[PDB]
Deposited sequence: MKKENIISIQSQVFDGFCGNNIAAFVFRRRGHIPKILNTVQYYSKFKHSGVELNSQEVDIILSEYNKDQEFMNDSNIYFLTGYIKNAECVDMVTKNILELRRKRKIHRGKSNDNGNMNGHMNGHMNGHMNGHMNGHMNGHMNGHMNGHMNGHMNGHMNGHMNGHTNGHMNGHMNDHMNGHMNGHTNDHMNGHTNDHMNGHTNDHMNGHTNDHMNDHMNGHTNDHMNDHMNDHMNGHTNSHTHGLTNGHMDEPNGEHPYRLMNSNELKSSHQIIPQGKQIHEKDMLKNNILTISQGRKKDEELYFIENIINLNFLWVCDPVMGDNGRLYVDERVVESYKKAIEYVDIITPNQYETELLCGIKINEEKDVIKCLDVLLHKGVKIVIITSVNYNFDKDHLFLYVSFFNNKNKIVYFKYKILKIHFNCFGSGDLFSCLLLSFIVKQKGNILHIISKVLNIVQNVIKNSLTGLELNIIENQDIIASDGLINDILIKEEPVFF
């Protein structure tokens, strides 16, 4: 039984739930022992007072991890990246993940390689507001080539694709550009259409075991931030442990997010702690809808 290594490289906040405040606890609560790298430490998602890791500090932590991993070819390495605020750090994270892969080189374990995965949540913005540089945007575009699974929201997809999304045809072309860049699975977590405001759509795409590409929509009804962060870390925990069919995994993840969402209306944050037994669950639905 190869040894599980999950490395989660994201934001941390003094007050609230986002980046690694969600992911570190969801992982641990589900039986995992994640390595944690905090890219920033902010007062809260709203007051970005605090401290950022510069690229050299990222490289010092990550290089030490590559030192322990060299010659130690007995483990499955799983990177989950989210909020990185400057493109040098994004470049440095990418180089370090890349240098690890070079040393150690619809079921999810034949779409991608469970010995080594990079799951990139490309936290750049939402709904017209942008948290990073146009430099960070081009850094992810250079990194997509090396990413196993990318989980942008709709806005972030527009940024990496250079394509505004107004109807489903734009989504398909968007899924297409990211896939031909080398990403193995695209999930666009939420796309909202002008003509259906009560609902939002999650799309997922990938080549099948016959070199043919496949699309699926998930229709969900509607906000508190951090749903995307919950979604991503929940996705890796299902993939690496349960394994099996990705489209089943996604429904199961959606089952948990919705059920936590249902309790975080009385506030502004998600109720990560009040619903921790839900977060630790099986995911028991919204069934895939194929797209052409």
May I ask you to mark the stretches of the deposited sequence that the structure leaves without C-alpha coordinates? 106-302, 420-422, 485-488, 497
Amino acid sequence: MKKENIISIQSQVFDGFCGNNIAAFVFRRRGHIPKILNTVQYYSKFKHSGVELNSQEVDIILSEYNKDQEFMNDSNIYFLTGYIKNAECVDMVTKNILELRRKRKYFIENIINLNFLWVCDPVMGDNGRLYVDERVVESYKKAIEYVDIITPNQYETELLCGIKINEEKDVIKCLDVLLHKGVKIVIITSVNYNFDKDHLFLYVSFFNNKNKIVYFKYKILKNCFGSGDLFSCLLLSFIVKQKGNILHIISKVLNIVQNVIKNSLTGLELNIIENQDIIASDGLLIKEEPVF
From here on, numbers count along this sequence of modelled residues.
264-272 versus 6-14: which one carries the higher mean Cα B factor per the record? 264-272
Averaging C-alpha B-factors over each stretch, which comes out higher, 36-44 or 253-261? 253-261
Of 156, 91, 138, 74, which one's C-alpha B factor is largest in the deposited record? 74
Highest recorded C-alpha temperature factor, please, choosing from 146, 83, 215, 79. 215
By its CA B factor, does residue 96 count among the lowest, middle or highest third of the modelled residues in the chain? lowest
CA B-factor ranking of residue 246, expressed as a third of its chain: highest
Within this chain, which third does the Cα B-factor at residue 234 fall in: lowest, middle or highest? lowest
Residue 120's Cα B-factor: lowest, middle or highest third of the chain? lowest
By the recorded C-alpha temperature factor, relative to the other modelled residues in its chain, which third is residue 223 in? highest
